[PDB]
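Numbered per the authors' numbering, the sequence shown spans residues 1 to 352, 357 to 685, 693 to 770. Okay, structure first, notes after.
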Amino acid sequence: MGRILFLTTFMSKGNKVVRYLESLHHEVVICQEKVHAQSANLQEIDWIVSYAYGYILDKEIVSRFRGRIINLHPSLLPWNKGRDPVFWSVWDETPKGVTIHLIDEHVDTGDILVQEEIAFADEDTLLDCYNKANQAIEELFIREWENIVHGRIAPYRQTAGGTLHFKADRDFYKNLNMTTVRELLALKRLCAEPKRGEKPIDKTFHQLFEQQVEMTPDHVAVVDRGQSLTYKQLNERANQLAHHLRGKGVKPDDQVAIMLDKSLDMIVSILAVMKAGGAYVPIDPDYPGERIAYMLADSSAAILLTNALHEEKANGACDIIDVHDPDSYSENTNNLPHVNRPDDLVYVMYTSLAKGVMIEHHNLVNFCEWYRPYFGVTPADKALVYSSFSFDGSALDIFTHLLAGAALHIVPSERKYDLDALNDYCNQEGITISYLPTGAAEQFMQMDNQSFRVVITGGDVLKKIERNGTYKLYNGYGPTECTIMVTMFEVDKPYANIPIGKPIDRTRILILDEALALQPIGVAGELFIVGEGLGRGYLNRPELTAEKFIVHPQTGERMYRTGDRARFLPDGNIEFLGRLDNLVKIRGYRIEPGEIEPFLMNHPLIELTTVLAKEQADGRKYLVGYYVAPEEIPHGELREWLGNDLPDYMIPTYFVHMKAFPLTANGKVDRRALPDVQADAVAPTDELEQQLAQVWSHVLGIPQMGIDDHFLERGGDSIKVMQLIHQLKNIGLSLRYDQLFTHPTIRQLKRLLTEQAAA
């Protein structure tokens with residue numbers, strides 16, 4: 001009848017389309033590369049049919065063949081023009097369908113021959129969508145082809161609007177497409193960009209404070225022992241001092257060092273530094289003289305607010321303002337003229357090699373403003389200033405409760421470590437809410453308390469949730485870099501791994517793979533913080549800042565690299581599991597012991613596990629799983645147990661039973677005191700996985716296939732997982748595409764295949 005050029009780079013040469021056309025006695029030339037006018041394929045060609053063709057036709061060709069170039073595009077064509085139409089159809093939540101259409105000079109903007117709505121299920125995977133759509137448009141082709149050849153169809157222009165995507169746009173999401181529609185959209189709801197309508201934070205802290213002074217001026221602000229300052233009193237005093245400070249040349253972004261013990265003077269000083277226009281640098285006087293000299297040196301601070309007591313610890317490093325000298329205090333009690341922007345520094349705190361972290365006003369403001377309503381903080385509340393001067397926990401303590409008009413209580417040294425006496429003080433003063441570091445918290449749970457409405461903990465891994473009090477318990481999480489905590493969770497029931505929860509106002513958290521691409525929900529990956537909490541970075545360490553605070557390759561958003569491992573739960577709450585990915589690997593494999601410990605722990609008989617890597621004295625390391633238990637558990641059983649969730653190379657080669665773990669006084673178990681193991685010290696075991704080793708080797712092109720070896724750390728991909736299953740189905744037993752992403756190693760796949768057809 002007539003000669004047909006079939007243009008495709010993705011679809012096979014055995015398509016239903018091609019075969020139907022041949023069934024009609026058409027000679028079908030198949031071309032998967034870009035052609036020019038001179039090309040031999042273009043000789044004697046009546047109709048050109050393009051299906052998932054990766055190239056653009058030269059305008060010459062499109063004009064000479066005008067009216068006769070048909071394209072099959074799996075989407076409501078106005079929608080999802082360009083690359084990956086089905087994927088973007090699911091992600092952007094556009095209308096669904098398939099369109100057969102004329103080709104014009106632009107990308108899928110030609111007039112529509114025949115169009116048909118399609119529907120996807122919540123439980124279908126993205127691959128399912130892809131295939132169903134291809135199927136539907138092929139069937140559509142077959143139905144309407146005759147009415148296309150006889151030109152008896154009216155092509156109508158496309159509806160205005162629609163969307164266009166390019167080749168690179170799907171990069172960020174390259175891992176998602178074995179994911180389900182439901183799961184994908186959930187990942188969208190969690191991780192996608194913030195909704196329109198928002199505006200930058202326009203306030204500085206001392207603004208919100210002074211406002212809160214005017215609203216509640218007579219109410220107590222901060223209490224130390226018996227003595228108190230009302231919000232008006234505190235504000236006035238801090239204003240006097242601040243007038244003196246700004247009078248000494250303190251400007252926006254200027255560092256001002258404060259070295260004092262927990263007191264009213266400390267609050268006075270912090271607020272004074274703020275009001276005078278600077279950022280404050282907290283120095284604990286109980287630090288070694290060395291770290292003190294260093295904090296003073298690294299800091300550009302020219303002024304030091306301090307006691308006559310701790311004066312000399314400075315060694316004359318800077319100008320000293322004594323908080324006990326009346327001359328340090330101006331007569332003026334009025335608010336100073338505002339010189340500040342929310343992007344000015346509010347404080348610099350050091351972490352420990358010790359880095360000075362620069363936090364801005366809008367960071368703090370975001371945190372306070374999320375804190376007050378979330379915990380329902382009213383002036384009825386009373387809070388503890390517990391955490392050290394130089395930790396961000398102090399920032400939470402002071403600032404979150406000042407702006408809600410609450411009452412700060414200073415903790416004295418004696419009460420601080422005696423949690424029994426501090427409990428007593430809390431019950432006598434009726435302290436409603438506070439933040440205790442993990443382990444301090446756990447201890448307070450022992451003390452019978454009826455003073456707290458809410459306690460908040462984080463900074464170390466919470467494990468004990470049992471408590472004598474009637475109060476709600478919260479586990480939060482967040483680096484000093486992103487201004488205190490970027491997540492919070494309400495602990496309702498016990499957990500083996502207590503989740504860290506959901507993000508706060510104006511902060512998103514992204515679970516990423518090593519390549520900085522999104523992970524599907526439930527799949528572990530590094531935790532990246534995006535949003536309002538991200539600070540300015542480390543002081544005088546611009547390269548280190550450049551390493552930690554990154555500009556996303558695909559996205560271009562400023563994000564923080566925590567170095568923490570974490571994953572999303574189905575209910576959205578974030579779960580913490582380890583750090584970097586280091587300490588040591590094993591046998592050529594990147595391994596985290598932390599990743600293994602929980603899978604070990606849910607074994608009904610063991611209550612505590614830690615796993616370590618030890619040296620064979622050959623220079624490299626092997627894996628030892630340490631477990632506390634009633635009695636020794638047989639190695640085979642543990643190997644199988646871990647084997648159900650983990651890849652074999654993660655399964656430790658050793659498993660020590662102990663009746664009890666040795667403990668350091670501070671922290672839980674000591675590693676140095678822990679026993680050590682030793683050994684002088693793989694191909695497919697059975698012939699089933701040895702026969703699928705062949706199909707792996709043939710899909711991806713590897714010489715040798717191991718039992719532990721992954722499918723995806725070799726560069727397996729959507730196409731190759733498919734090629735795997737498609738090829739295996741007709742030379743062997745079929746598999747499901749989910750099974751391969753859940754059980755991606757060789758022997759895991761084997762465990763399936765063996766327990767699959769046999770049951």
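Built from N, CA and C at the ideal position, the CB exists for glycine as well.
I'd like to know whether the C-beta atoms of residue i and residue j end up nearer to each other than 8 angstroms.
i, j, result
"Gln227", "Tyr329", "no"
"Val706", "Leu667", "no"
"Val495", "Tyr481", "no"
"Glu27", "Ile61", "no"
"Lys96", "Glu117", "yes"
"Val49", "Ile70", "yes"
"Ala411", "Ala238", "no"
"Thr99", "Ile112", "yes"
"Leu296", "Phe209", "no"
"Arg571", "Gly529", "yes"
"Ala314", "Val281", "no"
"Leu573", "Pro498", "no"
"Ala521", "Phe6", "no"
Alpha carbon to alpha carbon, how far is residue j from residue i? Give it in angstroms, no decimals.
i, j, result
"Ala121", "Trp88", "15 angstroms"
"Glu146", "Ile153", "10 angstroms"
"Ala37", "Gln135", "32 angstroms"
"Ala308", "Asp322", "7 angstroms"
"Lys132", "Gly54", "20 angstroms"
"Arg675", "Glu635", "22 angstroms"
"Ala669", "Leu538", "35 angstroms"
"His244", "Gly462", "38 angstroms"
"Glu599", "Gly582", "6 angstroms"
"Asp749", "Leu760", "11 angstroms"
"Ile513", "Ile713", "37 angstroms"
"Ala408", "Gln207", "13 angstroms"
"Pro524", "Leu234", "50 angstroms"
"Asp568", "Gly505", "15 angstroms"
"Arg341", "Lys203", "7 angstroms"
"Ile320", "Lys248", "11 angstroms"
"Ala302", "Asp517", "44 angstroms"
"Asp464", "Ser394", "17 angstroms"
"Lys731", "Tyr347", "52 angstroms"
When DSSP labels each residue in this structure, what does residue i get in the three-state scheme?
i, result
"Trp79", "coil"
"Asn41", "helix"
"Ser228", "strand"
"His737", "helix"
"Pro282", "strand"
"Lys359", "strand"
"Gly197", "coil"
"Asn648", "coil"
"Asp261", "coil"
"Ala704", "helix"
"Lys132", "helix"
"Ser63", "helix"
"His106", "coil"
"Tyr748", "helix"
"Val149", "helix"
"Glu117", "strand"
"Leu543", "coil"
For the beta strand (DSSP E) holding residue i, just list the boundary residues, first then last.
i, result
"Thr511", "511–516"
"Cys31", "27–31"
"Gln759", "Where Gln759 is concerned, there is no enclosing beta strand (DSSP E), although the alpha helix (DSSP H) it sits in stretches over 757–768."
"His365", "Not the beta strand (DSSP E): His365 falls in the alpha helix (DSSP H), residues 365–378."
"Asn71", "69–73"
"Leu612", "612–619"
"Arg3", "3–7"
"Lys625", "625–632"
"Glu494", "491–494"
On the DSSP letters alone, give me the boundaries of the alpha helix (DSSP H) that residue i sits inside.
i, result
"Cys486", "Per DSSP, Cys486 belongs to no alpha helix (DSSP H) and is neither H nor E."
"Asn335", "From DSSP, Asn335 is part of no alpha helix (DSSP H); its letter is neither H nor E."
"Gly567", "Taken as a continuous stretch (DSSP letters only), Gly567 belongs to no alpha helix (DSSP H), being part of the beta strand (DSSP E) at 562–572."
"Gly598", "597–605"
"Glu183", "181–191"
Compare the C-beta of residue i against all C-beta atoms of chain C and say whether one is closer than 8 angstroms.
i, result
"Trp645", "The displayed structure is made up of one protein chain only, and chain C is not part of it."
Identify every run of the beta strand (DSSP E) within the stretch 203–247, keeping only runs that are complete inside it and at least 3 residues long; order them along the chain.
220–224, 227–230, all fully within the stretch 203–247.
What are the complete alpha helix (DSSP H) segments, minimum 4 residues, inside the stretch 382–463?
Note on the stretch 382–463: whole alpha helix (DSSP H) runs with a minimum of 4 residues are 396–399, 417–421, 423–433, 444–450, in chain order.
What runs of the beta strand (DSSP E), each 3 residues or longer, lie entirely inside the stretch 263–323?
You should have 279–282, 303–306, 319–322.
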